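For reference, the structure discussed in these notes is given below.
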Amino acid sequence: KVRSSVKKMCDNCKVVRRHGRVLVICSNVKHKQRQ
Amino acid sequence: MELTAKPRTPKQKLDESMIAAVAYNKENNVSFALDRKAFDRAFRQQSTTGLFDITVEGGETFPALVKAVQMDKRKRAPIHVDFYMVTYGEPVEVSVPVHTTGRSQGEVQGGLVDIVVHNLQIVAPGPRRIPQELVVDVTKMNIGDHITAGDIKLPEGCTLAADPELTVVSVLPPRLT
Amino acid sequence: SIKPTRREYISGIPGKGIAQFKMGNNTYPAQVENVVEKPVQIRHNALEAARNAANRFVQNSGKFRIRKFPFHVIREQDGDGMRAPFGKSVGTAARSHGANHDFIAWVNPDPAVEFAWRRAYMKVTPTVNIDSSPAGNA
Amino acid sequence: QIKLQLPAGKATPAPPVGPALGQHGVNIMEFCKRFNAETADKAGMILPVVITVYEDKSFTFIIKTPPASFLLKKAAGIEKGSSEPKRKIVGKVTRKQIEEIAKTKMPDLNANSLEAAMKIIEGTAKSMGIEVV
RNA sequence: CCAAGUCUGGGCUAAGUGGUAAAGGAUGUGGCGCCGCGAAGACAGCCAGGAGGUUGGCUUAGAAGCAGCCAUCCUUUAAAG
Numbered sequence: 158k159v160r161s162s163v164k165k166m167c168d169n170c171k172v173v174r175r176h177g178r179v180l181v182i183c184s185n186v187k188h189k190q191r192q
Numbered sequence: 341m342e343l344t345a346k347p348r349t350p351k352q353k354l355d356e357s358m359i360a361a362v363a364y365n366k367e368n369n370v371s372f373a374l375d376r377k378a379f380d381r382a383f384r385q386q387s388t389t390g391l392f393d394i395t396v397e398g399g400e401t402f403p404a405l406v407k408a409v410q411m412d413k414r415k416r417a418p419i420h421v422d423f424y425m426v427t428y429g430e431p432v433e434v435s436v437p438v439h440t441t442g443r444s445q446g447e448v449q450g451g452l453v454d455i456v457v458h459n460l461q462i463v464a465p466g467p468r469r470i471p472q473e474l475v476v477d478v479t480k481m482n483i484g485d486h487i488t489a490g491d492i493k494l495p496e497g498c499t500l501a502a503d504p505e506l507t508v509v510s511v512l513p514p515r516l517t
Numbered sequence: 018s019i020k021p022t023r024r025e026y027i028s029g030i031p032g033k034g035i036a037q038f039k040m041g042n043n044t045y046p047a048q049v050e051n052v053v054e055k056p057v058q059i060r061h062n063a064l065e066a067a068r069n070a071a072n073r074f075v076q077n078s079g080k081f082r083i084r085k086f087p088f089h090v091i092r093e094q095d096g097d098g099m100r101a102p103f104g105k106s107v108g109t110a111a112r113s114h115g116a117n118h119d120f121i122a123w124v125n126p127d128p129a130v131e132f133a134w135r136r137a138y139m140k141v142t143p144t145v146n147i148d149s150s151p152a153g154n155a
Numbered sequence: 046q047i048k049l050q051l052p053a054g055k056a057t058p059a060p061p062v063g064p065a066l067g068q069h070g071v072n073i074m075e076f077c078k079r080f081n082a083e084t085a086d087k088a089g090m091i092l093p094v095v096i097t098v099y100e101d102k103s104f105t106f107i108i109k110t111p112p113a114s115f116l117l118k119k120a121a122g123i124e125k126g127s128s129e130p131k132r133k134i135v136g137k138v139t140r141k142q143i144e145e146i147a148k149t150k151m152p153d154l155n156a157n158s159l160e161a162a163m164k165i166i167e168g169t170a171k172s173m174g175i176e177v178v
């Protein structure tokens, strides 16, 4: 969502690279981190 | 510890791995030697807070080390130091630190704290005669109290290259007293 | 570096209006602090503020000391339009000379205050440098 | 294999006792009438029960004794801590009184020694507001 | 395209950056120093208790880590959390 400025929720929410892209991931709809 | 050099070459020297640092002593000096790598380690210990020395040609294995210098530059990485020994029984200009503990008075009960514009202590005890680590803390802290020179409490070597009543270390309201 | 008309004819002799210096708590060794590298008539206000919000998030022991302070100021729109511009003051600060000793998070073991200041940098404006002092930070 | 927090002198409420026990294979009627025997003496204070069944659908087991918090308050003559610990300590006692109160608490205390007995009373004291001086 | 080495040497790119931009992010990648250890046989995997006085103070109508303001100690033992 935040497109710009993502940084680790749940004590897990991972750091993944898709299309060089960095989009938050972690066992929660409440983390759908993306930029 | 070691550190060499002394010719006439600061720029390149003042560059790479070797940082300038004069061979200062009462009566004589000698081109800057040392190195930007030793300074590290040792310095890292506690420059003018303890003391050692290095073996350059076994020349003169003496103490006194630094009485000036600076990591100056913006970056915060020193360059161009001062070095002076002391094989004499005159050692004065002696500035060694002083530590407390945490004695609970204004803190772990009043949350209050205390400024220590002091910390250090440039004095002059028994030349080549000082406990690299001297501690003194009669305790006390809180409300509008303060302690400084005057009182203090000096052991052995009776110097005080300093004065009375002045930046000792008081207790102020980290929030309110 | 355009600066003002004089220290007592245009606008010189103030308090600059702000929120004093020291906070946090002592600490003999532990060198915990902050400085910069950027040049900028440090935005007073912005300034004053900032630092403060700093205390807002911590509270007590961590040299919430801070070695800054503006003392001169700009000016602009007031009068005719754009031409022969007289001067109407507003917004003093101080030159953050391309880096230097900012404010200090100084204390034994109290990073609970390092993070703070941290929060203090975040804020600020001109980027900022996160750092330690003689020894580091314990 | 259940754990409850039933009241005293009231062994017939359907809202808590009903669903919490009936679905676990516990006869609500008979398990209740047995409480009217031991909770009748100390009626008025909430007493936690730990019922443990088997494979016959019965039993009652260990209910208790009572409180052990209010009798300590009767001796000292404080209901509650002053404010926040390590910030307003004002309740000092002595050395000799802390030495004898730990000699009876031994059954549920850490070890049967004398050095380990004085150390627990030091941890639960400073976490509240009773500094030893 | 338009004249002139698809020169040789040794690094770095895996985005077409080059072919305009800042605060700001992230085990990208390549090269440098630190703390702990692998036969008290180490981090991620897996077996288990997943310890007791901890069920302290404001507010309690509920702090009793898993409302929040202050504590932050003791332990009989495989250690502590």
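Chains as they are written, first to last, in my numbering: chain Z, 158 to 192; chain E, 341 to 517; chain R, 18 to 155; chain H, 46 to 178. Every residue gets a Cβ at the ideal spot worked out from N, C-alpha and C, and that includes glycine.
Enumerated in chain order, which unbroken segments of the beta strand (DSSP E) with a length of 3 residues or greater are wholly contained in the region 46-124 of chain R? 49-52, 118-121
Using three-state DSSP, classify residue 428 of chain E as helix, strand or coil. It is coil, neither helix nor strand.
Check the Cβ of residue 131 of chain H against every Cβ in chain E and list those closer than 8 Å, keeping chain order. 448, 449
Can you tell me which of E:459, E:408, E:394 puts its alpha carbon nearest to the alpha carbon of residue 345 of chain E? E:394
I need the straight-line Cα distance from residue 67 of chain R to residue 513 of chain E, nearest angstrom please. 21 Å
As a quick exercise: from E:505, E:372, E:415, pick the residue whose alpha carbon is nearest that of residue 396 of chain E. E:372
Quick check on the DSSP output: what are the complete alpha helix (DSSP H) runs of length 4 or more inside the region 125-153 of chain H, in order along the chain? Annotation: the region 125-153 of chain H contains the following complete segments of the alpha helix (DSSP H) (minimum length 4 residues), in chain order: 141-146.
Identify which residue in E:422, E:388, E:475, E:399 has its Cα closest to the Cα of residue 434 of chain E. E:388
Classify residue 131 of chain R as buried or exposed, calling it buried when 16 or more other Cβ atoms lie within 10 Å of its own Cβ. buried
Strictly below 9 Å CB to CB, what residues from chain E border residue 143 of chain H? Result: empty, since nearest Cβ-Cβ is about 20 Å, beyond 9 Å.
With distances taken Cα to Cα, identify the nearest neighbour of residue 51 of chain R among E:414, E:442, E:446, E:507. Here the closest residue by C-alpha is E:414.
Leaving aside the five residues before and after residue 343 of chain E along the sequence, list all residues of the same chain whose C-beta is less than 6 Å from its C-beta, in chain order. Once the five neighbours on either side are set aside, the close Cβ partners of residue 343 of chain E are 373, 374, 375, 378, 394.
Using 10 angstroms around the beta-carbon of residue 510 of chain E, count the other beta-carbons present and answer buried if the total reaches 16, otherwise exposed. buried
Have a look at residue 54 of chain R and residue 152 of chain R and give me their C-alpha separation to the nearest angstrom. Computed Cα separation, rounded: 21 Å.
Classification of residue 95 of chain R by the beta-carbon crowding that lies within 10 angstroms, buried from 16 upward: exposed
Could you give the distance in angstroms between the alpha-carbon of residue 90 of chain H and the alpha-carbon of residue 101 of chain H? 31 Å
Which residues bound the alpha helix (DSSP H) around residue 169 of chain Z? Note, residue 169 of chain Z: premise wrong, no alpha helix (DSSP H); not H, not E.
Out of curiosity, what's the CA-to-CA distance linking residue 154 of chain R and residue 49 of chain R? 5 Å
Per-residue burial, residue 56 of chain H [other beta carbons within 10 Å of its own, 16 or more giving buried]: buried
Local conformation of residue 147 of chain R per DSSP, three classes: strand
Reduced DSSP secondary structure (H/G/I, E/B, other) of residue 422 of chain E: The DSSP-derived three-state label of residue 422 of chain E is strand.
Best match in H:137, H:150, H:159 for proximity to residue 176 of chain H [C-alpha to C-alpha]: Residue H:137 is the option with its Cα nearest to residue 176 of chain H.
Taking the continuous alpha helix (DSSP H) assigned at residue 485 of chain E, which residues delimit it? First-last for residue 485 of chain E: undefined, no H or E at that position.
I need the straight-line Cα distance from residue 131 of chain H to residue 104 of chain R, nearest angstrom please. 57 Å
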